[PDB]
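Student: This is the structure I have questions about; it appears just below.
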Amino acid sequence: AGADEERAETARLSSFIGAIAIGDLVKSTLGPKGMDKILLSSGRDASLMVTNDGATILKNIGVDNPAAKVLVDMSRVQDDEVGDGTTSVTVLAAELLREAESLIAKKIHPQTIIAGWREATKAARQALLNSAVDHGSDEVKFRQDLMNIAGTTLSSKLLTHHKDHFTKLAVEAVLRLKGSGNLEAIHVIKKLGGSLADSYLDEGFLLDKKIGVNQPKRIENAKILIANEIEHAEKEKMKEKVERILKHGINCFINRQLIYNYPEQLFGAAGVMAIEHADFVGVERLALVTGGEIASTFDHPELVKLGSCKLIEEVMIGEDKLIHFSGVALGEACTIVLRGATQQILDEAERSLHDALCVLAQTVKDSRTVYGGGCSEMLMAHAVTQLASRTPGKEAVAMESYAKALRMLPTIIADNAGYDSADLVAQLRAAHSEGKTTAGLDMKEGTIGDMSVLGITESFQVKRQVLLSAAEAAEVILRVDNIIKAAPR
Amino acid sequence: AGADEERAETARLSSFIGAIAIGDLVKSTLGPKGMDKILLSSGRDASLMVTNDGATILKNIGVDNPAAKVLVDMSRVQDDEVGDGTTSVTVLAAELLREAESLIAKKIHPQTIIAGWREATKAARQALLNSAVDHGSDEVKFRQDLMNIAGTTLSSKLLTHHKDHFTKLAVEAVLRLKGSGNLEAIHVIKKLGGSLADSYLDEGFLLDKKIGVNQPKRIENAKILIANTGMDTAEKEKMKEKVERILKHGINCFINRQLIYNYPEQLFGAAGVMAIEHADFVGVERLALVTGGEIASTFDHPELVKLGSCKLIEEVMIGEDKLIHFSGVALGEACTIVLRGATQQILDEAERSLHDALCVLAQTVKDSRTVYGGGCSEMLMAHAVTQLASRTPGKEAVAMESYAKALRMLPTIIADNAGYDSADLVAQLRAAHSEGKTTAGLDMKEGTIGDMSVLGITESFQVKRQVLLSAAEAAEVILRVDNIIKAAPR
Amino acid sequence: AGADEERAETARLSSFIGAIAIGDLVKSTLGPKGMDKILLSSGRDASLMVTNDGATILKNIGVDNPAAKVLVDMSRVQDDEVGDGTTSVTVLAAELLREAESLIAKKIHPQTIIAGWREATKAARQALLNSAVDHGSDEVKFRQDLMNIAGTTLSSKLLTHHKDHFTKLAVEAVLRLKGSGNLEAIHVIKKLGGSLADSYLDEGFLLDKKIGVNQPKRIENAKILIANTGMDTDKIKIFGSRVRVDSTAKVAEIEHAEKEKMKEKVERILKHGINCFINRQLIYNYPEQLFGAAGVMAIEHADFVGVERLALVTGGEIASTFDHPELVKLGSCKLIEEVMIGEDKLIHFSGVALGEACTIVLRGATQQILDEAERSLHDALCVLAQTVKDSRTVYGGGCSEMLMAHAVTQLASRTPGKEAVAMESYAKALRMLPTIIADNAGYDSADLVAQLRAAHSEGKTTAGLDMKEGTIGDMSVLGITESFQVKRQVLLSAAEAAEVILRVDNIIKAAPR
Amino acid sequence: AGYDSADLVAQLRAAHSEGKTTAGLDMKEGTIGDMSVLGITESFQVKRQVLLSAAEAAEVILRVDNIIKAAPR
């Protein structure tokens, strides 16, 4: 058939090893007490980088023969569709592999055991109806705008010491997006000058370029232009540009590419501020804001061009000479500007803000969430334990292993917190058994507490896709025989 | 003292490895189509030791540097008054070490988990009771007499074909023991011959010796004489004392624990008195309780200092070579069982088989309590304990949940050696117990689940009561003990 | 997956080892009698680089595999804020690890220990403003101007035999600068000759470059020209390649093209009256002959840092291509001249219209050590800009550290135990600074540590480690003090970086982008 | 199926021997069942060709020793 057949015990082991490696590292990451980590490697890497988000680093590398990369690749779809919050989806899938050793004792066809997963699909559906997560997230909403899930996503991120404040800012941005506009015109930048607030919210769009040292410093009632024998001929390009420019009153020129030197002398004298190699992403986002235009050839000026005219200027906000575009007539799209002690860590704040935007959009639209901190998780575990006993035939071992699988999740949250796991697991279990869905793992507390007070809630999509996916990922590998990675090659 | 340094994670591994190696050899044994193992060791051993019973072989040898012998030594105490059923206390303890991998991840205090065994003390206790246990064995019992636990004890042993019939016989033996006598006085041996019955139960004590080719076939209203001092030692005068007062007592049989002088033998044949040369001492001491005893001194020994039961002593065909049977004892307290076999020396298996089987029957009569057999007791308990783990407080529950999964192995082990698929069996079994039918259990003959009560299989209440208490203490002193070195292995 | 796993204690050990190895080299660095380490390398390194300043050497090279480079990188940010005195912050972080041996004995998750660092911010924070400090320099100040911290900064440096005098000189320079912002226009350069003074103070900016021997000696009402682009012309848009031609004829046209560049430079030049030209980079030879005839002095490859400081001083320039002359450029005009006063000839720019910017010139020694003074003065200058702005400082010589140790011992017991086990470990960390200070001094550290604690315990903030005596004395008489900024920032930096590595067992995932 | 192969063989043979053509392997069942109720039937062409083809397959074993190629190295 080729090479590396792996269809039985020698194949299962390869699956088994990949899952154990990922679980300990992803373990410290979860919730408010999640921990920042870096990696040491040699060969075109440069240094040790710290990525709090588990998904970002896994996509980046594929160091060894054993598999995990294909399992990892799937996690992106969950992130695309709903995102992150905390990383638990990979962990849950990894731990059920341990029962496979028990399964050899079972000593029969792996697939019959696999029937437990249709029931696992049931666990997702049965638990969702059993665990009253929330019925809130009305729209906009006063306090519930944040100090909830975004804080939790960020809490695992070290930047949370002052960052949680900017996390709060991001929901204000999501509420305005919702409805008639679409997912457009959202951009974020950071600045070296710093304040306690750590951020200013701009009504328009933030850009950082200058035409040249010469040119008018500030422009008012600005018009915006966006563009997609030989020596004498060159002069002709110069002349066409000047005649069209003066009539419009053009105060600013934005072009997405390289800009020719001849026009530049003219712009200074004319009183027009132009930007060299402006980024396309900023321009497109800007077009919704300024009404845009059709960016054809130099005929482009006047009516074919639509330019907003409130106020465009290059200002000092602290240290760097940034240019601020503000005064949007449309109102549909806005820009958020971040500040924060200037460093590599500040880049990390950029990472989690993206996380905040994605989580909020889904939470309002899905109309559902789950209790975080493992609250849903332990409760569901209590319900599933009874189920293993109920089933006859081969169902009982499979269901049983699935039921005990839920138990590790409480353990992972407590252990990252660092409070003693033995003590934590049962105390936790007693509270869920009682019937209080709100109660769960409180990492800050060191024991168990009320999750709802914390405000930690998870998007409904994150829990349903993971349960079906984690389950499916685990048993594709047992039956593998000759794919991309596994262990020996 | 000690000597072997191994510090943290390495020391734990030594304890871990010993438990896994022992479990595979004992695992085959634990069921109806159990497996027999024969062991050969170089010099320092004569040869031939094959043992079906796990406890007997572990006690005998210390094969290598890692230590399992101290864990092994403890099993005897369990064996003496509860005995066995099947060896399994050691198996359950071994699987406990697997959780230790979870413990390194836990990386806190390895002793903290130990509170779990304290949990084990009441979890096992609570659970044995929150099940239905037999309520049978009224007294004597027609059908319920056997085809029960003994059948399970036999199951491990290769014998169970013809043999399940043999164990049926063993309960008949308990019924005769029944009273204030407690457990003692039962001895059984194997004979090399072929019969469907494969065993014969006789009313008295079985001894295999003969005076000589000559002598009466049997004696009636027999008087039995036991002498400490030998007949071997003018010669005629010794002969005269022996005959003149022997006639007086009406002597019908003489048993001496040593060599016997030839002159007496000519005398005994004409007289009508049967004597036994070099009779084993152990047979003699039991016989004395049976016959009322005597005082064994010099030839003054006959008459009043001697007491003798008088029903029937004869040499009876056992289908092969001659045996001599003592019977009709007035006391009734002591009785003997005779086994027959193929000639395998896999029949010595019967001796160990016998030892574990006999202890169970005596306990069942005295305790007036038992549990359902065939693993019925074990699965139901597993159902109760899973709920219990979530039910209990912090430290106590994590260990309690692990303890609960231990019960799972017994159903699998019973079935695995049966010759049926373990996977189908384990899972099918749980639904029956879960439903609330305690009688239902593993029916190995069936290959599925069946009514244990019709079979009647029940286990002594003590065997379930003490395996769980003993297992907790031994399991507990493995994870928490580091240096562990004393006499024998290590 | 997996990238570099050694399993538990060993993982911790790599973090441990990185901290211990660095501490011994930085150890000799602190105190009045400092030691200089001479470092030589092959492959793109010219000669042995000797850096007294610990931060500068760590930044230059990342020699090996163990993790510690990132911890090192952070210290530079501190340098802009205040930075130096003596290198000590790296040492404190290192000794923190030594309590890790205690941590295995702790038998609990490391993170509980970790809450201690935010607490550590508290412990160290209590110490600031719990140890008197200095009321502050009134402004300018007759005697407290120096003979203080700069001497300590230079303590670590060998040149202190005459250097401490140099240090005294530096505050005079800072008095004119005194914070109307951060810090601009301070330039210092050495010369190859010996004098008892070993330095002179100049009203203007000192530079040392010359166009050539030819050109007028003196220029007045000087016009200054600064060009971003080099005078050099040839490579162009398209190389034309490595050519060759039919015998001799065409190659001459290439020579002709050059003349147009020469002429544009002179035509624009004569109208302005240009007295001096300064270019940051390579200069082209053809114009050089031209400047000599005109009577204009130009500077080849002038350093960029000098040029920008010069721009505020001269009113600035808009630097572009050869259209640069006339109005787009502004030129201050007093006197630019080559006077030479000492050994090596130099050019003095003076009488700047702005008045904001002034320059300092150092002298003496003339060897490997003198070359050191380039980064030595900058270390002194950065501290001073902060000192007037802060209006607050703390006693030097380790006075601050022992007092803090007494307070922190109480804290471990005072707080509930989970917090409690590690405040003390943080607390004992402060003990090493007194020990490191004393060891380089040349006196026995144990005795030194011993005499030190009683003074601080007693209640005298002024009392500290006197390395020169070898005993304990009054720091205030010495005048040595540390800036307020060095203490608040280091404590925050130590808190984040030191134990996050401990709470993590040899890292997890990365090698990305 | 997920059921033990050994058990399956014996039970299957007894039903066919008896005379019920409809009866066959029921994998969901783990034993034997009525194939017709499922509705599972196989095309006549697949069965006639395989048997003649099969003979040829059995026809290429022992009579042929080694002899390797069809496609580049």
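One-based numbering along the chain as shown.
We read in the header that electron microscopy, 11.3 Å was used to get this structure.
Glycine is no exception: its Cβ is also placed from the backbone N, Cα and C atoms.
OK, Swiss-Prot features for this one:
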type    : residues                                                                  : note
BINDING : A:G31, A:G85, A:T86, A:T87, A:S88, A:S155, A:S156, A:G373, A:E458, A:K463 : ADP binding site
BINDING : A:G31, A:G85, A:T86, A:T87, A:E458, A:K463                                : ATP binding site
BINDING : A:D84                                                                     : Mg(2+) binding site
MOD_RES : A:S47                                                                     : phosphoserine
MOD_RES : A:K141                                                                    : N6-acetyllysine
MOD_RES : A:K168                                                                    : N6-acetyllysine
Student: Compare the Cα of A:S88 (ADP binding site) against each of the recorded positions A:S47, A:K141, A:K168, A:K463 and report the nearest.
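Tutor: With Cα distances computed to A:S88 (ADP binding site), the winner among A:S47, A:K141, A:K168, A:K463 is A:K463.
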Student: Considering Cα atoms only, can you say which of A:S47, A:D84, A:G85, A:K141, A:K168 is the nearest neighbour of A:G31 (ADP binding site) among these recorded positions?
Tutor: A:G85
Student: Using a 10 angstroms cut-off on Cβ to Cβ distances, just flag whichever of A:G31, A:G85 is the loneliest among these binding-site residues.
Tutor: A:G85
Student: Measuring C-alpha to C-alpha, could you say which of the recorded positions A:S47, A:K141, A:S156, A:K168, A:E458 are within 10 Å of A:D84 (Mg(2+) binding site)?
Tutor: A:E458
Student: Return the residue, from the listed recorded positions A:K141, A:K168, A:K463, with the maximum count of other C-beta atoms within 10 angstroms of its C-beta.
Tutor: A:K463
Student: In whole Å, note down how far the CA of A:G85 (ATP binding site) lies from the CA of A:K168 (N6-acetyllysine).
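Tutor: Rounded to the nearest whole number, the Cα-Cα distance is 15 Å.
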Student: Filter the recorded positions A:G31, A:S47, A:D84, A:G85, A:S156: retain a residue only if its CB is under 8 A from a CB of chain C. Output in sequence order; output 'none' if empty.
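Tutor: Of A:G31, A:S47, A:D84, A:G85, A:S156, the entries that lie near chain C are A:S47.
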Student: If you pair up every Cα among A:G31, A:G85, A:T86, A:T87, A:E458, A:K463, the residues annotated as binding ATP, what's the maximum separation in angstrom, rounded to an integer?
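Tutor: Per the listed residues, the maximum Cα distance equals 15 Å.
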Student: Taking only the Cα atoms, work out how far A:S156 (ADP binding site) lies from A:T87 (ATP binding site), in Å, as a whole number.
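Tutor: For A:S156 (ADP binding site) versus A:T87 (ATP binding site), the Cα atoms are 10 Å apart.
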Student: For A:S156 (ADP binding site), what is the tally of other C-beta atoms lying within 10 angstroms of its C-beta?
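Tutor: A count of 27.
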Student: Determine the minimum-neighbour residue: among A:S47, A:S88, listed as recorded positions, which Cβ has the fewest other Cβ atoms within 10 angstroms?
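Tutor: Result for the recorded positions A:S47, A:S88: minimum number of other Cβ atoms within 10 Å at A:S47.
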Student: If you measure C-alpha to C-alpha, which of A:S47, A:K141, A:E458 (recorded positions) come within 10 angstroms of A:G85 (ATP binding site)?
Tutor: A:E458
Student: Taking just the CA atoms, what is the gap between A:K463 (ATP binding site) and A:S47 (phosphoserine) in Å?
Tutor: 35
Student: To the nearest whole angstrom, what is the C-alpha distance linking A:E458 (ADP binding site) and A:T87 (ATP binding site)?
Tutor: 11
Student: Out of A:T86, A:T87, which of the binding-site residues is least crowded by other Cβ atoms within 10 Å?
Tutor: A:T87
Student: I'm trying to understand the geometry here, so how far is the Cα atom of A:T87 (ATP binding site) from the Cα atom of A:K141 (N6-acetyllysine), in Å to the nearest whole number?
Tutor: 27
Student: Write down the Cα-Cα distance for A:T86 (ADP binding site) and A:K141 (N6-acetyllysine), rounded and given in Å.
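Tutor: On Cα coordinates alone, these residues lie 24 Å apart.
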Student: Cα-Cα, whole number of Å: A:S47 (phosphoserine) versus A:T86 (ADP binding site)?
Tutor: 26
